[PDB]
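Source file: my_file_23.cif (mmCIF, N, CA and C atoms and all ligand atoms)
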```
data_my_file
loop_
_atom_site.label_atom_id
_atom_site.label_comp_id
_atom_site.auth_asym_id
_atom_site.auth_seq_id
_atom_site.Cartn_x
_atom_site.Cartn_y
_atom_site.Cartn_z
N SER A 1 37.84 7.69 11.82
CA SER A 1 38.93 7.57 10.86
C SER A 1 40.22 8.25 11.39
N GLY A 2 41.34 7.94 10.75
CA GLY A 2 42.61 8.50 11.15
C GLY A 2 43.80 7.57 10.94
N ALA A 3 44.98 8.16 10.77
CA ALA A 3 46.19 7.39 10.55
C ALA A 3 47.40 8.06 11.23
N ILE A 4 48.49 7.28 11.37
CA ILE A 4 49.81 7.75 11.81
C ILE A 4 50.68 7.76 10.54
N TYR A 5 51.46 8.85 10.33
CA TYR A 5 52.30 8.96 9.15
C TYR A 5 53.74 9.10 9.64
N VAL A 6 54.54 8.01 9.61
CA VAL A 6 55.92 8.04 10.10
C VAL A 6 56.83 7.48 9.00
N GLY A 7 57.88 8.23 8.62
CA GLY A 7 58.75 7.79 7.51
C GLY A 7 57.95 7.57 6.24
N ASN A 8 58.12 6.40 5.58
CA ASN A 8 57.30 6.10 4.41
C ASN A 8 56.23 5.05 4.76
N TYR A 9 55.63 5.18 5.95
CA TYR A 9 54.58 4.27 6.41
C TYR A 9 53.31 5.03 6.81
N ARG A 10 52.15 4.40 6.61
CA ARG A 10 50.82 4.89 6.98
C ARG A 10 50.25 3.77 7.88
N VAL A 11 49.98 4.07 9.15
CA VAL A 11 49.43 3.11 10.11
C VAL A 11 47.95 3.41 10.31
N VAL A 12 47.09 2.44 9.98
CA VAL A 12 45.64 2.60 10.13
C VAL A 12 45.05 1.41 10.89
N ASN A 13 43.76 1.55 11.32
CA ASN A 13 43.06 0.37 11.88
C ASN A 13 42.89 -0.62 10.69
N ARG A 14 43.17 -1.88 10.89
CA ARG A 14 43.04 -2.86 9.80
C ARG A 14 41.61 -2.90 9.29
N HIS A 15 40.62 -2.75 10.19
CA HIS A 15 39.21 -2.82 9.76
C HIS A 15 38.75 -1.62 8.92
N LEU A 16 39.55 -0.55 8.87
CA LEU A 16 39.24 0.63 8.06
C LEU A 16 40.19 0.78 6.83
N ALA A 17 41.15 -0.14 6.63
CA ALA A 17 42.10 -0.10 5.53
C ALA A 17 41.34 -0.21 4.20
N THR A 18 41.81 0.54 3.21
CA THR A 18 41.25 0.53 1.86
C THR A 18 41.88 -0.61 1.04
N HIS A 19 41.27 -0.96 -0.13
CA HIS A 19 41.82 -1.94 -1.07
C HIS A 19 43.24 -1.51 -1.50
N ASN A 20 43.49 -0.20 -1.63
CA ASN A 20 44.80 0.37 -1.95
C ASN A 20 45.83 0.21 -0.84
N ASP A 21 45.37 0.19 0.44
CA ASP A 21 46.29 -0.05 1.56
C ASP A 21 46.80 -1.51 1.45
N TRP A 22 45.91 -2.47 1.04
CA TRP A 22 46.28 -3.89 0.89
C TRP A 22 47.26 -4.12 -0.27
N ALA A 23 47.07 -3.39 -1.36
CA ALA A 23 48.02 -3.43 -2.48
C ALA A 23 49.40 -2.93 -2.02
N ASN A 24 49.43 -1.91 -1.16
CA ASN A 24 50.67 -1.34 -0.67
C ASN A 24 51.04 -1.85 0.72
N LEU A 25 50.59 -3.04 1.08
CA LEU A 25 50.84 -3.60 2.40
C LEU A 25 52.31 -3.81 2.72
N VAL A 26 52.69 -3.47 3.96
CA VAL A 26 54.01 -3.71 4.54
C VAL A 26 53.83 -4.83 5.62
N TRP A 27 52.87 -4.64 6.55
CA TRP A 27 52.61 -5.55 7.65
C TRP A 27 51.18 -5.38 8.16
N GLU A 28 50.57 -6.46 8.61
CA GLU A 28 49.23 -6.39 9.20
C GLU A 28 49.04 -7.51 10.20
N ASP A 29 48.24 -7.25 11.23
CA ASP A 29 47.95 -8.24 12.23
C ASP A 29 46.50 -8.06 12.66
N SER A 30 45.63 -9.00 12.25
CA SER A 30 44.22 -8.98 12.58
C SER A 30 44.02 -8.97 14.11
N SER A 31 44.85 -9.76 14.83
CA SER A 31 44.72 -9.82 16.28
C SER A 31 45.03 -8.47 16.96
N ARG A 32 45.72 -7.55 16.28
CA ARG A 32 46.03 -6.22 16.85
C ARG A 32 45.15 -5.12 16.23
N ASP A 33 44.34 -5.45 15.20
CA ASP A 33 43.56 -4.46 14.43
C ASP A 33 44.46 -3.40 13.79
N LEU A 34 45.70 -3.79 13.35
CA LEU A 34 46.63 -2.85 12.71
C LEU A 34 46.98 -3.27 11.30
N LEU A 35 47.19 -2.25 10.45
CA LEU A 35 47.68 -2.43 9.08
C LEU A 35 48.59 -1.28 8.77
N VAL A 36 49.77 -1.59 8.20
CA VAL A 36 50.72 -0.56 7.80
C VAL A 36 50.91 -0.67 6.30
N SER A 37 50.73 0.44 5.59
CA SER A 37 50.98 0.45 4.14
C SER A 37 52.16 1.42 3.83
N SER A 38 52.74 1.31 2.64
CA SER A 38 53.86 2.16 2.25
C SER A 38 53.35 3.48 1.64
N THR A 39 54.07 4.60 1.83
CA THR A 39 53.63 5.89 1.26
C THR A 39 54.72 6.45 0.30
N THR A 40 54.34 7.34 -0.64
CA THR A 40 55.34 7.96 -1.52
C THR A 40 56.09 9.09 -0.81
N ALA A 41 55.37 9.91 -0.02
CA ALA A 41 56.00 11.02 0.68
C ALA A 41 56.33 10.68 2.13
N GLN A 42 57.33 11.36 2.69
CA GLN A 42 57.73 11.15 4.07
C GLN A 42 56.76 11.83 5.06
N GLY A 43 56.40 11.11 6.12
CA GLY A 43 55.53 11.57 7.19
C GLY A 43 56.30 12.21 8.33
N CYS A 44 55.60 12.91 9.23
CA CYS A 44 56.25 13.71 10.27
C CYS A 44 55.88 13.34 11.71
N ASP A 45 55.13 12.24 11.90
CA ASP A 45 54.78 11.85 13.27
C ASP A 45 55.99 11.14 13.89
N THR A 46 56.21 11.36 15.17
CA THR A 46 57.26 10.65 15.91
C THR A 46 56.57 9.57 16.78
N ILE A 47 57.05 8.33 16.77
CA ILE A 47 56.48 7.29 17.61
C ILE A 47 57.15 7.37 18.98
N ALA A 48 56.37 7.32 20.05
CA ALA A 48 56.89 7.26 21.42
C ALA A 48 57.61 5.92 21.67
N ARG A 49 58.77 5.97 22.38
CA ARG A 49 59.48 4.76 22.79
C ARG A 49 59.63 4.90 24.33
N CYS A 50 58.63 4.39 25.07
CA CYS A 50 58.46 4.65 26.51
C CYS A 50 57.44 3.67 27.13
N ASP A 51 57.22 3.81 28.47
CA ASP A 51 56.20 3.06 29.18
C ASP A 51 55.20 4.03 29.83
N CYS A 52 54.93 5.21 29.21
CA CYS A 52 53.91 6.15 29.76
C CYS A 52 52.56 5.43 29.85
N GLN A 53 51.82 5.76 30.90
CA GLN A 53 50.45 5.28 31.08
C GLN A 53 49.47 6.44 31.22
N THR A 54 49.89 7.68 30.86
CA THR A 54 48.99 8.84 30.81
C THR A 54 49.31 9.55 29.49
N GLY A 55 48.27 10.14 28.92
CA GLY A 55 48.41 10.80 27.62
C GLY A 55 47.13 11.53 27.26
N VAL A 56 47.00 11.93 26.01
CA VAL A 56 45.85 12.68 25.50
C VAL A 56 45.39 12.01 24.22
N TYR A 57 44.06 11.81 24.05
CA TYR A 57 43.60 11.22 22.78
C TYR A 57 42.59 12.13 22.12
N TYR A 58 42.45 11.98 20.81
CA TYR A 58 41.46 12.73 20.05
C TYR A 58 40.16 11.92 19.90
N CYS A 59 39.01 12.55 20.24
CA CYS A 59 37.69 11.94 20.14
C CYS A 59 36.87 12.70 19.09
N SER A 60 36.77 12.14 17.89
CA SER A 60 36.10 12.85 16.80
C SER A 60 34.61 13.06 17.09
N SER A 61 33.96 12.11 17.82
CA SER A 61 32.52 12.25 18.15
C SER A 61 32.21 13.35 19.19
N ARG A 62 33.23 13.99 19.72
CA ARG A 62 33.11 15.15 20.59
C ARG A 62 33.89 16.37 20.07
N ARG A 63 34.67 16.21 18.96
CA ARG A 63 35.61 17.25 18.45
C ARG A 63 36.48 17.76 19.62
N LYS A 64 36.99 16.81 20.44
CA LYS A 64 37.71 17.18 21.65
C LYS A 64 38.83 16.21 21.95
N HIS A 65 39.90 16.74 22.51
CA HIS A 65 41.05 15.96 23.00
C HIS A 65 40.86 15.81 24.49
N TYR A 66 41.07 14.59 25.03
CA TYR A 66 40.87 14.34 26.45
C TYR A 66 42.13 13.74 27.09
N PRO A 67 42.50 14.21 28.28
CA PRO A 67 43.61 13.60 29.03
C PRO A 67 43.11 12.28 29.66
N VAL A 68 43.91 11.19 29.55
CA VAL A 68 43.49 9.91 30.09
C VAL A 68 44.63 9.17 30.72
N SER A 69 44.28 8.26 31.68
CA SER A 69 45.17 7.23 32.22
C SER A 69 44.76 5.93 31.46
N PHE A 70 45.77 5.15 31.04
CA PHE A 70 45.47 3.93 30.27
C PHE A 70 46.32 2.74 30.71
N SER A 71 45.74 1.51 30.61
CA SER A 71 46.44 0.32 31.03
C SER A 71 47.61 -0.06 30.09
N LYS A 72 48.55 -0.90 30.55
CA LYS A 72 49.66 -1.33 29.71
C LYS A 72 49.06 -2.30 28.63
N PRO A 73 49.74 -2.44 27.49
CA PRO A 73 49.22 -3.31 26.41
C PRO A 73 48.99 -4.73 26.86
N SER A 74 47.79 -5.24 26.56
CA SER A 74 47.36 -6.55 27.04
C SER A 74 46.46 -7.29 26.04
N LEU A 75 46.11 -8.55 26.33
CA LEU A 75 45.22 -9.36 25.49
C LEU A 75 43.82 -9.21 26.14
N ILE A 76 42.88 -8.56 25.45
CA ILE A 76 41.57 -8.19 26.00
C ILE A 76 40.46 -8.72 25.11
N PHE A 77 39.38 -9.23 25.71
CA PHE A 77 38.24 -9.73 24.96
C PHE A 77 37.49 -8.58 24.34
N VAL A 78 37.18 -8.70 23.05
CA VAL A 78 36.43 -7.65 22.35
C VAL A 78 35.17 -8.33 21.75
N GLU A 79 33.99 -7.80 22.09
CA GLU A 79 32.71 -8.31 21.59
C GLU A 79 32.66 -8.32 20.06
N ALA A 80 31.84 -9.20 19.50
CA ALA A 80 31.63 -9.26 18.05
C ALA A 80 31.09 -7.93 17.52
N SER A 81 31.53 -7.56 16.32
CA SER A 81 31.05 -6.37 15.62
C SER A 81 30.88 -6.74 14.13
N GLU A 82 30.53 -5.74 13.29
CA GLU A 82 30.46 -6.02 11.86
C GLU A 82 31.88 -6.27 11.27
N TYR A 83 32.97 -6.01 12.04
CA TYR A 83 34.34 -6.16 11.51
C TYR A 83 35.08 -7.42 11.92
N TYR A 84 34.79 -7.92 13.11
CA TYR A 84 35.42 -9.14 13.62
C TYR A 84 34.43 -9.93 14.46
N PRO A 85 34.60 -11.27 14.49
CA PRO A 85 33.83 -12.07 15.45
C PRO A 85 34.36 -11.78 16.88
N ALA A 86 33.66 -12.26 17.92
CA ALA A 86 34.14 -12.15 19.31
C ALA A 86 35.52 -12.82 19.42
N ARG A 87 36.53 -12.09 19.96
CA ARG A 87 37.89 -12.60 20.00
C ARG A 87 38.71 -11.82 21.02
N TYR A 88 39.96 -12.27 21.30
CA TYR A 88 40.85 -11.46 22.12
C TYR A 88 41.70 -10.63 21.17
N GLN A 89 41.81 -9.33 21.44
CA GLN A 89 42.68 -8.45 20.66
C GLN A 89 43.93 -8.20 21.50
N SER A 90 45.12 -8.34 20.91
CA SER A 90 46.36 -8.14 21.66
C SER A 90 46.90 -6.72 21.53
N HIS A 91 47.87 -6.38 22.41
CA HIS A 91 48.56 -5.07 22.45
C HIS A 91 47.52 -3.93 22.60
N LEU A 92 46.46 -4.20 23.31
CA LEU A 92 45.37 -3.24 23.54
C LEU A 92 45.48 -2.56 24.92
N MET A 93 45.26 -1.22 24.98
CA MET A 93 45.30 -0.46 26.24
C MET A 93 43.97 0.17 26.47
N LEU A 94 43.39 0.05 27.65
CA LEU A 94 42.06 0.65 27.92
C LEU A 94 42.13 1.86 28.83
N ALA A 95 41.17 2.75 28.63
CA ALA A 95 41.00 3.96 29.44
C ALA A 95 39.49 4.19 29.62
N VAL A 96 39.13 4.96 30.65
CA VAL A 96 37.75 5.40 30.83
C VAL A 96 37.59 6.68 30.02
N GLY A 97 36.71 6.61 29.03
CA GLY A 97 36.49 7.75 28.15
C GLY A 97 35.46 7.46 27.10
N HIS A 98 34.97 8.51 26.44
CA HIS A 98 33.97 8.34 25.41
C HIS A 98 34.57 7.86 24.08
N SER A 99 33.88 6.91 23.42
CA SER A 99 34.26 6.50 22.10
C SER A 99 33.03 5.91 21.38
N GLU A 100 32.93 6.15 20.08
CA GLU A 100 31.95 5.57 19.18
C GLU A 100 32.75 4.94 18.04
N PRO A 101 32.21 3.96 17.30
CA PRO A 101 33.05 3.25 16.29
C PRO A 101 33.83 4.13 15.30
N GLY A 102 33.22 5.22 14.86
CA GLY A 102 33.83 6.19 13.96
C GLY A 102 35.01 6.97 14.57
N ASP A 103 35.20 6.87 15.89
CA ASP A 103 36.36 7.45 16.56
C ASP A 103 37.65 6.65 16.35
N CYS A 104 37.55 5.42 15.76
CA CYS A 104 38.79 4.64 15.52
C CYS A 104 39.72 5.44 14.63
N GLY A 105 41.01 5.40 14.92
CA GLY A 105 41.99 6.14 14.14
C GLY A 105 42.49 7.39 14.85
N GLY A 106 41.76 7.86 15.88
CA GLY A 106 42.20 9.03 16.63
C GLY A 106 43.52 8.73 17.34
N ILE A 107 44.43 9.71 17.35
CA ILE A 107 45.73 9.50 17.98
C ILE A 107 45.71 9.63 19.50
N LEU A 108 46.49 8.76 20.17
CA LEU A 108 46.79 8.83 21.61
C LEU A 108 48.28 9.24 21.67
N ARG A 109 48.57 10.34 22.38
CA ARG A 109 49.95 10.89 22.46
C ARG A 109 50.35 11.15 23.88
N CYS A 110 51.63 10.94 24.15
CA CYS A 110 52.22 11.27 25.42
C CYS A 110 53.31 12.36 25.20
N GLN A 111 54.11 12.71 26.24
CA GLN A 111 55.18 13.71 26.00
C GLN A 111 56.25 13.24 25.00
N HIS A 112 56.32 11.91 24.73
CA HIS A 112 57.34 11.37 23.81
C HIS A 112 56.90 11.23 22.35
N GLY A 113 55.59 11.35 22.09
CA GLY A 113 55.11 11.21 20.73
C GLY A 113 53.86 10.38 20.67
N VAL A 114 53.65 9.74 19.52
CA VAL A 114 52.43 8.92 19.32
C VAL A 114 52.57 7.56 20.00
N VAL A 115 51.56 7.20 20.82
CA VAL A 115 51.53 5.94 21.55
C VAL A 115 50.73 4.89 20.76
N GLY A 116 49.62 5.33 20.16
CA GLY A 116 48.74 4.40 19.47
C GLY A 116 47.52 5.09 18.90
N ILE A 117 46.59 4.29 18.39
CA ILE A 117 45.37 4.87 17.82
C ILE A 117 44.14 4.23 18.45
N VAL A 118 43.00 4.97 18.50
CA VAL A 118 41.75 4.37 19.01
C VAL A 118 41.40 3.14 18.15
N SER A 119 41.00 2.06 18.79
CA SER A 119 40.67 0.79 18.13
C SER A 119 39.42 0.13 18.71
N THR A 120 39.14 0.29 20.02
CA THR A 120 37.94 -0.33 20.63
C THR A 120 37.20 0.68 21.55
N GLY A 121 36.02 0.30 22.04
CA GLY A 121 35.22 1.11 22.91
C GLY A 121 34.10 0.26 23.48
N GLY A 122 32.99 0.90 23.69
CA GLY A 122 31.84 0.26 24.32
C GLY A 122 31.89 0.49 25.82
N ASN A 123 30.72 0.52 26.45
CA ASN A 123 30.56 0.62 27.89
C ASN A 123 31.39 1.71 28.63
N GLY A 124 31.39 2.95 28.12
CA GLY A 124 32.10 4.06 28.75
C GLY A 124 33.63 3.95 28.75
N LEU A 125 34.15 3.08 27.88
CA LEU A 125 35.59 2.88 27.74
C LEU A 125 36.09 3.28 26.36
N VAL A 126 37.42 3.42 26.24
CA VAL A 126 38.04 3.64 24.95
C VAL A 126 39.34 2.82 24.96
N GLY A 127 39.55 2.07 23.91
CA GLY A 127 40.74 1.23 23.82
C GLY A 127 41.65 1.63 22.68
N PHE A 128 42.96 1.51 22.91
CA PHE A 128 43.95 2.00 21.94
C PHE A 128 44.88 0.87 21.54
N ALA A 129 45.11 0.75 20.25
CA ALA A 129 46.07 -0.23 19.71
C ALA A 129 47.46 0.39 19.88
N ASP A 130 48.35 -0.25 20.68
CA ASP A 130 49.71 0.27 20.91
C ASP A 130 50.56 0.11 19.65
N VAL A 131 51.42 1.11 19.37
CA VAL A 131 52.38 0.98 18.25
C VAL A 131 53.84 1.14 18.77
N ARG A 132 54.05 1.35 20.08
CA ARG A 132 55.38 1.63 20.63
C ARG A 132 56.36 0.48 20.54
N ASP A 133 55.86 -0.76 20.43
CA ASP A 133 56.76 -1.91 20.27
C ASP A 133 57.23 -2.11 18.81
N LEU A 134 56.61 -1.39 17.83
CA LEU A 134 56.93 -1.58 16.41
C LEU A 134 58.15 -0.74 16.06
N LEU A 135 59.34 -1.21 16.53
CA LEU A 135 60.56 -0.44 16.39
C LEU A 135 60.96 -0.16 14.94
N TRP A 136 60.60 -1.08 14.04
CA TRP A 136 60.90 -0.95 12.62
C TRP A 136 60.19 0.26 11.97
N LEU A 137 59.17 0.85 12.62
CA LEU A 137 58.52 2.04 12.05
C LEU A 137 59.49 3.21 11.88
N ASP A 138 60.60 3.22 12.69
CA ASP A 138 61.66 4.24 12.78
C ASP A 138 62.77 4.12 11.77
N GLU A 139 62.90 2.98 11.08
CA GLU A 139 64.02 2.78 10.16
C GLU A 139 63.60 2.52 8.71
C1 LIG A 201 35.90 2.94 19.31
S1 LIG A 201 35.42 1.29 18.69
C2 LIG A 201 33.84 1.01 19.43
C3 LIG A 201 33.04 2.05 19.87
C4 LIG A 201 31.80 1.80 20.44
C5 LIG A 201 31.34 0.51 20.56
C6 LIG A 201 32.13 -0.56 20.14
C7 LIG A 201 33.39 -0.32 19.60
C8 LIG A 201 34.37 -1.46 19.47
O1 LIG A 201 34.96 -1.85 20.47
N1 LIG A 201 34.57 -2.02 18.26
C9 LIG A 201 33.87 -1.68 17.01
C10 LIG A 201 34.85 -1.48 15.84
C11 LIG A 201 35.87 -2.63 15.75
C12 LIG A 201 36.59 -2.79 17.10
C13 LIG A 201 37.69 -3.84 17.06
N2 LIG A 201 38.93 -3.38 17.10
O2 LIG A 201 37.42 -5.05 17.10
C14 LIG A 201 35.52 -3.13 18.13
ZN ZN A 202 55.76 8.50 26.69
#
```

Rewritten as structure tokens:
Amino acid sequence: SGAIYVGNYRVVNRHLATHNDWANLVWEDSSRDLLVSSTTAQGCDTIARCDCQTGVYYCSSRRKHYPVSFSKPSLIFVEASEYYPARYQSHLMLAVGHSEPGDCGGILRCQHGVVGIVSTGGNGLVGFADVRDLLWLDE
């Protein structure tokens, strides 16, 4: 679990969004596994606006933050799960690292701020849904 809180927006994995997130929907994209809902109070996370490919992510299944190198956002095949059929997920970045399904939502950060959240894994990898192209999160 986990979210990004920037301005009056809450960014979560779409597959973990609540019925209340859908009522307060701003934007969602199944192909990116992202959902943004509106909030009453202002959030304090800063979104990174950069092309960093190294950062640190939070792994709840280890209670540990790990430094990682990660690929640029791409269209990657993701195996079927209880949340989606087998499909390509877009704006996805992969790294070598530990992840379990409950780790989705953990933040990936660089020196500029929040880059994205954990969204995929399997086979000794961890994948992150990029949010750096969502410029409207800032206004
Ligand atoms: C850290 S997610 C994970 C972890 C271990 C094994 C598999 C996964 C994983 O790739 N999944 C499961 C949850 C939904 C994901 C999605 N965004 O389609 C796909
Ligand atoms: Zn950066």

Considering only helix (DSSP H, G or I) as DSSP defines it on the backbone, what residues of segment 20-92 of chain A qualify? List them as an NGL selection string.
:A and (20-23 or 30-32)

Against ligand LIG 201 (chain A), which residues of chain A fall within 7 Å? For each one I want the closest pair of atoms and the distance in Å (one decimal), counting only C-alpha atoms and all ligand atoms, rows by chain and increasing residue number, as JSON lines.
```
{"residue": "A:15", "atom": "CA", "partner": "A:LIG201", "partner_atom": "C11", "distance": 6.9}
{"residue": "A:33", "atom": "CA", "partner": "A:LIG201", "partner_atom": "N2", "distance": 5.5}
{"residue": "A:78", "atom": "CA", "partner": "A:LIG201", "partner_atom": "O2", "distance": 5.9}
{"residue": "A:79", "atom": "CA", "partner": "A:LIG201", "partner_atom": "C14", "distance": 6.8}
{"residue": "A:81", "atom": "CA", "partner": "A:LIG201", "partner_atom": "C9", "distance": 5.6}
{"residue": "A:83", "atom": "CA", "partner": "A:LIG201", "partner_atom": "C11", "distance": 5.7}
{"residue": "A:84", "atom": "CA", "partner": "A:LIG201", "partner_atom": "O2", "distance": 5.7}
{"residue": "A:99", "atom": "CA", "partner": "A:LIG201", "partner_atom": "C1", "distance": 4.8}
{"residue": "A:100", "atom": "CA", "partner": "A:LIG201", "partner_atom": "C3", "distance": 3.7}
{"residue": "A:101", "atom": "CA", "partner": "A:LIG201", "partner_atom": "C3", "distance": 3.8}
{"residue": "A:102", "atom": "CA", "partner": "A:LIG201", "partner_atom": "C1", "distance": 6.6}
{"residue": "A:103", "atom": "CA", "partner": "A:LIG201", "partner_atom": "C1", "distance": 5.3}
{"residue": "A:104", "atom": "CA", "partner": "A:LIG201", "partner_atom": "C1", "distance": 5.1}
{"residue": "A:118", "atom": "CA", "partner": "A:LIG201", "partner_atom": "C1", "distance": 6.0}
{"residue": "A:119", "atom": "CA", "partner": "A:LIG201", "partner_atom": "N2", "distance": 4.6}
{"residue": "A:120", "atom": "CA", "partner": "A:LIG201", "partner_atom": "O1", "distance": 3.3}
{"residue": "A:121", "atom": "CA", "partner": "A:LIG201", "partner_atom": "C2", "distance": 3.7}
{"residue": "A:122", "atom": "CA", "partner": "A:LIG201", "partner_atom": "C5", "distance": 3.8}
{"residue": "A:126", "atom": "CA", "partner": "A:LIG201", "partner_atom": "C1", "distance": 6.1}
{"residue": "A:127", "atom": "CA", "partner": "A:LIG201", "partner_atom": "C1", "distance": 6.8}
```

Test item: residues no farther than 6.5 Å from ligand ZN 202 (chain A), counting only N, CA and C atoms and all ligand atoms, as a PyMOL selection string
chain A and resi 48-53+110-113

Atom CA of residue 67 of chain A to atom CA of residue 92 of chain A measures 17.8 Å

Which residues in chain A does DSSP call strand (DSSP E)? List them as a VMD selection string.
chain A and resid 4 to 13 25 to 29 34 to 44 54 to 59 64 to 69 74 to 78 87 to 96 107 to 110 113 to 120 125 to 130

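The space between atom CA of residue 35 of chain A and atom N of residue 131 of chain A spans 11.5 Å.
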
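Distances to residue 12 of chain A were evaluated for A:73, A:105, A:124, A:43 using only C-alpha atoms, and the minimum falls at A:105.
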